[PDB]
Amino acid sequence: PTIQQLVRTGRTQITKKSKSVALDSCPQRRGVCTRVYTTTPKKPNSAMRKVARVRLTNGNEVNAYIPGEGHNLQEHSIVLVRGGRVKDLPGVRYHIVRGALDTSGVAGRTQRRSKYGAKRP
Amino acid sequence: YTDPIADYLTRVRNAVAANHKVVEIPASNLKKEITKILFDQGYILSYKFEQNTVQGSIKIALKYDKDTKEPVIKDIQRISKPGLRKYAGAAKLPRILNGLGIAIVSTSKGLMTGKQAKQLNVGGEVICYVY
RNA sequence: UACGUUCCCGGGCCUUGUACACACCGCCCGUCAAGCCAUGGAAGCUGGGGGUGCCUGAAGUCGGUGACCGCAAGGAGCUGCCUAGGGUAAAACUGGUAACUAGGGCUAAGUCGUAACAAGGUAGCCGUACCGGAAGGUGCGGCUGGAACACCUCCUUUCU
RNA sequence: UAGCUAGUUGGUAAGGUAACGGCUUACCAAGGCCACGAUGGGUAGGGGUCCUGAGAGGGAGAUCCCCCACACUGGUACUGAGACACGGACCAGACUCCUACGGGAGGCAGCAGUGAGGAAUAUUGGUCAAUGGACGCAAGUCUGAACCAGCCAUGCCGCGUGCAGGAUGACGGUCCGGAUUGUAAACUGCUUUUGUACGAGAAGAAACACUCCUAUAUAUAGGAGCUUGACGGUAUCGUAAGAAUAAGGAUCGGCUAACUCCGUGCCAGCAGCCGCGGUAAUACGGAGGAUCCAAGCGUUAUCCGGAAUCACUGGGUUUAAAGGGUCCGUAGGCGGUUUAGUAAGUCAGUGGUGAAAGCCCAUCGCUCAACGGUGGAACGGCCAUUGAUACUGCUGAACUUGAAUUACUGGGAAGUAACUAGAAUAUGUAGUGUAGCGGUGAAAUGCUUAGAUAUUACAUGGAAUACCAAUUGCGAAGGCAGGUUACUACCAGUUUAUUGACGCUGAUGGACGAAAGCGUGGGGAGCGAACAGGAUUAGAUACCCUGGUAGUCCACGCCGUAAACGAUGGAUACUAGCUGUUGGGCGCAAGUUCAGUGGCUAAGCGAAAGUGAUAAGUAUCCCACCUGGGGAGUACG
RNA sequence: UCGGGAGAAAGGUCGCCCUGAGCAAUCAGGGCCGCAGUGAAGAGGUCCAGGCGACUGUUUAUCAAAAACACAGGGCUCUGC
């Protein structure tokens, strides 16, 4: 508006709140799972999505989504969370890297092998 | 008032929009200098300095074409304002209408145009610009 | 037998209002009951830095004394100020946690009512006060961001 | 986060330090900072610079260079020109080690390495051969500085995984014999960049020190050879078999470049957004084909752009988020005309500086490039000095148009206080008189034979003022209505006279501020929250009916909220008309001109509805407010 | 309840001699003595939380001093001389 008003109090710039916050601004974070279960999407989708409660190394409890099919993910397993939410499960805001320290990859996968951690046949 | 120069430009703009013939603005040294510059550049037909007032009047005749009138003054605006004064040396003069318009610049010598002052290499304060 | 279209049902045209458009057999509101999530209050519990007020205060520089070593200097020995560290007392900031408790967002769309959207069937809303399982009701003032209706009792003049 | 500081602020004399100084002490005074942000809390080494962006800007401070701070955590001093000292000392504290138990030794934020932490970052390597540093006359010694080497596709640049001819060959996916991969393949000639083997083979080295003649003077200068390489037999060149020794990742519904079939049937799953899968999926998995990039390809995390999505460049506030409820006014912001002086802002020149490095431009050497050398530009900045005076600021003077005062005509429900009138409702007394009155869509509750309703006369008390009366008028807004008086205030027009910019807006702040509500003391006719009965309904804590407390009223106060609305802040100046009305002036009438108040509409604005001279039209100044919805005007103070 | 809480809590000095600044007082420097210097006696223990009663006050002389009574304040009702 007025130049005098701008000189008195200028324009306020906001901070642009981040997307992935509970991983300490790191690309990947190691964690241990405590409860691997299945949830439902909101609507109108109908499925049984596989999620796991992961406790990261910085003391943060998050819900991660297991991509693909075929995994072990016992009650205690070392997983590597990377990030990336889903628009179906309310609360799950992270993903697990397939091919990490303890998590399994995929078998019979030939198209998207860089993802899902699959070796070249 | 708050800006006699802004009023002088606004009266001309309103008369051009309303398709008038003459304007009877109040007078002052700066307004007379601007009127002389505009008449030398060819944006107005004629001007008369009318006496018999405590301040004096300036009667300006606006110019239109003899067919498809199309007033030659399309946009006459200000750059310096009483709330923000903008000065510039002889390197930051504007480029009004890509060299096709005029920019009045009050210089240390007098009132000149943005192109007539860059040759003299003097700066000053940009007052207004006309297309 | 039919005086007739004021009512009941269905259909057509014009205008009008709409928060409906799979189009009122629409949309939508609130409480209670069952789960999941994050955030407040609270008798208490447990910490973290820094500040201030006292006491004690190592080494060290700088003063006093120095009856003892030395021929003079000077030194030994006592002692004073300053100050790390330690102890103590009351507060300030801030983190975690806690029986219980208030409200918020979703879940399958469970129970109860139909408050708003048409004049929504008592026009709606705003401020305020009281009351009620709940949407809400009523009193006072204000607005149209409301629909339908929407020209008039006196007819004409002297300075009283 | 609104007060902070007590040697704190200034002074007078000493002690002092390299040096001025509350740096310290003794005395006197109460000063000093603070809304232009003291103090307090959180975070953080600063800059040259890097990324991004058309630019203005925004985000970071690795590697290179400059400045500052630190050396296990703290304090102190000595030596020394220089330290309150990384690899020096003393003391205290926490760790680890030795011990004969009395006492002692330690500090990788140096290089290479170990444990732990983490998603994640390397050799316990070679040499002083060059440059630098310390010591020495020198020879020379030391140098984890430095130069090399190893590991990591981490990033930039360059090359290769062959080049020509060759048919529509098998094999696959697809259609109902054709098309597709496809000159692709088999096969035919050629080159070894790269890889292996052998033979040659560097620059980085200029010097230092010792013996020789020259001149001048103990200073400089020339020439000689046995001289001086970790890299390293490294770069580089030549010779001989041999296409041999070397291509993968993502995507194919739209955004966005690329489509067919098979299997699953809202399952498995996919997903940056829209969203796909419930049995004919170009969106899931597989196969074929196609597109992009290429020794790389995708995902994640942190930034800039797109985002004009904080807008100075470069947005808005009637209805989408947004004008404060309204005025007064402090700090502040802006400034009618002319004139004289200075030159603070502004402009121009000169000198100094703006380190080097980095970006850009030009030119040279590594076979090109990356890289390196040289030059220019840039570093938008600051200091001193010399000029111009058009515009802003300051000082002086002048003027009336802005503004204010005065004089004359008027104007109003404009305020405060005090009196007074009528109609109507309620109650009471008296007279008459008998069976109903009241109410609803219909009823009932209710008052009545204890005489109601009805009517006449009188009396009492409270509140509000029919007609006038209205898109009237006044007030900053809220608001103001029977009549009269007193005390004030304000506004409009005009022949005056007068001062001369005395003006506009206005954060903090002050005042006023509907109704409802709160405290104290009166009053209480009607109305009537809550409440009690009757009625409707499946239910009716409501609509309807009968009663009724607070309240509505008055005298002092308290809060400061509204759909406090024109959902439109206050000024000034311009830009077409038509048509009413209010109060003035000029008019014998017509009609004209100011100050307010409504309607139609042109241009112009607006997404449209609409606005439109009383703008939401074109400009300038000041204030407030807006930045997706909910949570939320919620939590805390 | 803005008056309080509050002497909250928690701490420091006190003897004798000399010198100086001083308004008598007192203060500032030194020195000396003892285990101890307001050297004897007299002079508040404090804090945290709950019940009752607002408070000061009064009460069973001779077993009960209280949460009992009273109290300022609030209310209803009677009373026209």
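All chains are named by letter (A, B, ...) in the order of the sequence lines, taking the proteins before the strands, and each is independently numbered beginning at 1. Values below: every heavy atom of this structure, side chains too, minus hydrogens, waters and symmetry copies.
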Counting only side-chain N and O atoms of [X], is one of them less than 4.0 Å from OP1 or OP2 of [N]?
{"X": "A/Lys16", "N": "D/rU627", "result": "no"}
{"X": "A/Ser18", "N": "D/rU302", "result": "yes"}
{"X": "B/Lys31", "N": "D/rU337", "result": "no"}
{"X": "B/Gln77", "N": "D/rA619", "result": "yes"}
{"X": "A/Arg85", "N": "D/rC273", "result": "yes"}
{"X": "A/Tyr65", "N": "D/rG269", "result": "no"}

Hydrophobic clusters here meaning ILVMFWY residues chained together by side-chain heavy-atom distances under 4.5 Å, can you tell me if B/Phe49 and B/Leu62 are in one?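 Yes.
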Would you say A/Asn60 and A/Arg55 are linked by a side-chain donor-acceptor pair, where the criterion is simply a distance under 3.5 Å?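 Note: A/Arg55 and A/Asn60 side chains miss the donor-acceptor criterion.
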Is it the case that B/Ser80 and B/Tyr87 place a side-chain donor and acceptor less than 3.5 Å from each other?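 No donor-acceptor contact under 3.5 Å links the two side chains.
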Do B/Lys31 and B/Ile58 come within less than 4.5 Å of each other through their side chains, counting heavy atoms only?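 When only atoms from C-beta onward are counted, B/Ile58 and B/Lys31 do touch, with a gap below 4.5 Å.
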Rounded distance in Å between the P positions of D/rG46 and D/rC159: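 Looking at atom P only, D/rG46 and D/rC159 are 43 Å apart.
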Any strand counts, and the cut-off is 3.5 Å on both contacts for Watson-Crick or G-U wobble. Which nucleotide pairs with C/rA150?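 In the structure as shown, C/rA150 has no Watson-Crick or wobble partner.
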Nucleotide opposite D/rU536 in a Watson-Crick or G-U pair, distances under 3.5 Å: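 Pairing partner: none.
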Kindly check if D/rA535 and D/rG534, neighbours in the strand, have base rings whose centres sit closer than 5.5 angstrom and whose planes are less than 30 degrees apart?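 Both cut-offs are satisfied, so the bases of these neighbours are stacked.
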Determine whether neighbouring nucleotides D/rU495 and D/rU496 are base-stacked, defined as six-membered ring centroids separated by less than 5.5 Å with an interplanar angle below 30°.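 No, six-membered rings of the two bases do not stack.
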Which sits closer to the 5' end of RNA chain D, A/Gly83 or A/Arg113, going by the nucleotide each is nearest to?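 Looking at the nearest nucleotide for each, A/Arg113 comes out on the 5' side.
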Write down the distance between CZ (A/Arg112) and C1' (D/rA271), rounded to a whole number of angstrom.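 Atom CZ in A/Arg112 sits about 9 Å away from atom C1' in D/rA271.
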Starting at NZ of A/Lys115 and ending at P of D/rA250, how long is that distance when rounded to a whole Å?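 Computing the A/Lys115:NZ to D/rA250:P distance gives 8 Å.
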Which groove, major or minor, has a base atom under 5.0 Å from a side-chain heavy atom of B/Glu125?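 Groove assigned: minor.
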Does a sphere of radius 6.0 Å around CZ in A/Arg93 hold more than 12 heavy atoms from other residues, nucleotides or ligands, not counting ones at 6.0 Å or beyond?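 No, CZ of A/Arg93 has 12 or fewer neighbouring heavy atoms, counting only those of other groups under 6.0 Å.
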Sugar geometry class by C1'-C2'-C3'-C4' for D/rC137: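 North, since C1'-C2'-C3'-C4' is positive for D/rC137.
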